[PDB]
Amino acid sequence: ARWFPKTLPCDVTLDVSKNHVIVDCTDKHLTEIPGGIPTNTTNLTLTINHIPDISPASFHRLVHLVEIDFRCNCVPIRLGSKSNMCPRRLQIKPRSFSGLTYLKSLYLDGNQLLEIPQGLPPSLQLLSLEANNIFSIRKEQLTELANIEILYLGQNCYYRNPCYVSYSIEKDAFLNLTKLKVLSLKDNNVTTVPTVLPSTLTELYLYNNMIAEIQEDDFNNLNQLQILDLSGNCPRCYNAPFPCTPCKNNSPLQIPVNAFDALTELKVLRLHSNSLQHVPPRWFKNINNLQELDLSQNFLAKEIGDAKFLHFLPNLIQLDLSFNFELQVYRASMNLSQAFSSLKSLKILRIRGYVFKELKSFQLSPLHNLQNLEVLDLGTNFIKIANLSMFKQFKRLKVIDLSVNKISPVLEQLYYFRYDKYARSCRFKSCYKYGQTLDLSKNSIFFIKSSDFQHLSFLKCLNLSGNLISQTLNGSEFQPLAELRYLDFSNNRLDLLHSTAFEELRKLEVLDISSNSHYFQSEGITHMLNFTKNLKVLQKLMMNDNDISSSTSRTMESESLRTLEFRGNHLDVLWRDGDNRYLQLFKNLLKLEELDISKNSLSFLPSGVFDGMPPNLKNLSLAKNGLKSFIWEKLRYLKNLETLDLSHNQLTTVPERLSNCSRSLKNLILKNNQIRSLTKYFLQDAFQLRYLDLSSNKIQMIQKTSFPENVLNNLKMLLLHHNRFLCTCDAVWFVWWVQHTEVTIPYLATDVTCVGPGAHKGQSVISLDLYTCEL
């Protein structure tokens, strides 16, 4: 169907709207720019390769380039792979870019460059030099950048990439970059704000440096500035998981009261980890548009109880005051200033790491009439006491987050303590939707009763994951939660003695009781898995990793359940050969469409398992079972089966004729098995098939009878990589078909490979020339 096979080891995409020819060679183990890149290429990505040099030959024919992404072909040693260290810094010979008359974006991050590359064309708008070894900025090296708008220079001198000196910037180095809008000098050992900066700046990043003082005129001319980040100058170093040097004498970053007066457009001010003890109101006199203020990791514990500056912030959207606790102090309560009541626009308030014992309703009163408040984050506070009923005054909120506390009767897991939360990777550049969420995960709740939730009937999602709840539920414990749609009960010690557990939650749509294995791990104890009958609108049930090997009831029943996750249990024991009692465990889940019984140690499936499946089953996973055999003809019982996942097993054969096993099957996943050959008529007349994964098997040969053309051209995707293809003359049809097909087959360039014979070992089949088979 193709006349010219594509052999370039890069993905090529056409977006004819934007006249873009997109060539993506990311992570192709290239040691040179491959030949044959399209002459019309506009976006070329070569990030993560080991191309040791650039020269005028590099992009000779590619005059239409608007973007070159040439990152991380020589990453600094501590930042890069230790198994494939870059032996030499990238070399850029003269004139490699001056021909690129339309080049607007150049990324040379992560190449151990020692200087700002010269000869760049005046069309350039974005230059990125992060994670190089450039630590002295001279005005002369910048004259070439007259039209630059975006300039990334950070991560060139810090602990993961040291330069052993202070960063140097010549006076007015940037002043004549009259279009410069974004300047990033983060993570660079900078000691002062460089001046004078061009007044076109909209975003200025100076965080993670060694700036001890702001001069009162450092930002005098920046009347267009919208984002300013000075964080991590005079850091708060307690429990830092990176080497951290504080300013002497516990001093804060010193900011004159009038330092921000020019910044009338400022929307984002980030003052994280500046060891601040006070926030002067005078800072915000002329900033009336501020929307985001980060004051986390300072020493503002007492200031939070005073906080006059909040009176100047009526348009603030987000406020972060996390991790301001005084060292070795466990306060009795949280003292929030009445001034918080003037934050009329506030949507998001975070005060993690304040560290206090008892939360009481009146302490949140400054927040009662914040009418736009959506998120209240009081996580990681070691709170021991909290009457949850107090949140009856907060029904307008979307998320109340008390995660990680000690209460008893979506940010990354590293967030406040990582070095640079916004740093780029070499590679690239949850129940809230249900309604009001109370997040009590990772607390010390050992026993629950109905009155714990009094006045919380508005809740839609309750997260109790990771508490200590070791209790037989009998339907009395959640009685006030009449509107709850989602309960996360995972990582507790549920004791399913009663089939009435959870039945008070009459609107429940999703229940997670995964990782409640404790009572399932002790022999002779009663478990009622038929508790589903009472939950009349339950759509999704997760009971993964419960180690379930026994059940007192023999059937689960539901008129509503659509999805059951049963991964990580012991159906192999429940379905012990000769024991027929549980072969219909799921049969009466009459609306069940999705069943995950992967990781159940099912080395074989006893007869009756498929007949015992509920009638509308569409999506079945049997992955990661150590399955060693499979009677494909039993799929005939699964009359609505569309997706079958058999990945990561030990199958050695496929059925003689897939179409004779299932008339409905669309998606067949067989990756990571032990298959060495296909049957002669494998896919004959399998007209419903749309997706086939045979990757990571041991296939040597595929003949045309197995893969008829009228089935292949209906496939959305066919995965074949990481097999054991033998590239002899017996393989001519398969090699020809692979080279010429339009069917999507991923990894042709790197993992659809010959293992033999001798000559062709390690060769991609897409490049294979078999003319000698036709002489």
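Numbers follow the displayed sequence, beginning with 1.
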(message) If you look at the other compared entries where the surrounding residues are built, does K429 lack coordinates in a third or more?
(response) yes
(request) If the chain runs straight from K429 to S430, say none; otherwise bin the unmodelled deposited residues as 1 to 3, 4 to 9, or 10 or more. (result) 10 or more
(message) I want to verify a possible break: how many residues of the deposited sequence sit between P409 and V410 without any coordinates (none, 1 to 3, 4 to 9, 10 or more)?
(response) 10 or more
(message) So, looking at the entry's B-factor column for Cα atoms, which has the higher mean, 360-368 or 578-586?
(response) 360-368
(request) Would you determine, from the values in the PDB entry, which of 72-80 and 463-471 has the greater average C-alpha temperature factor? (result) 72-80
(message) Out of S662, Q291, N220, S598, whose C-alpha atom has the biggest B factor in the entry?
(response) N220
(message) Using only the C-alpha B-factors in the record, can you name which of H272, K698, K179, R352 has the highest?
(response) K179
(request) Relative to the other modelled residues of the same chain, rank the CA B-factor of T39 and answer lowest, middle or highest third. (result) highest
(request) Grab the CA temperature factor for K536 from the record and place it in the lowest, middle or highest third of its chain. (result) middle
(message) Based on the deposited C-alpha B factors for this chain, I'd like to know if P241 is in the lowest, middle or highest third.
(response) highest
(request) Compare the C-alpha B factor of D685 with those of the other modelled residues in its chain, then answer lowest, middle or highest third. (result) middle
(request) Consider only the C-alpha atoms of the modelled residues in this chain, order them by B-factor as the entry records it, and name the third containing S515: lowest, middle or highest. (result) lowest
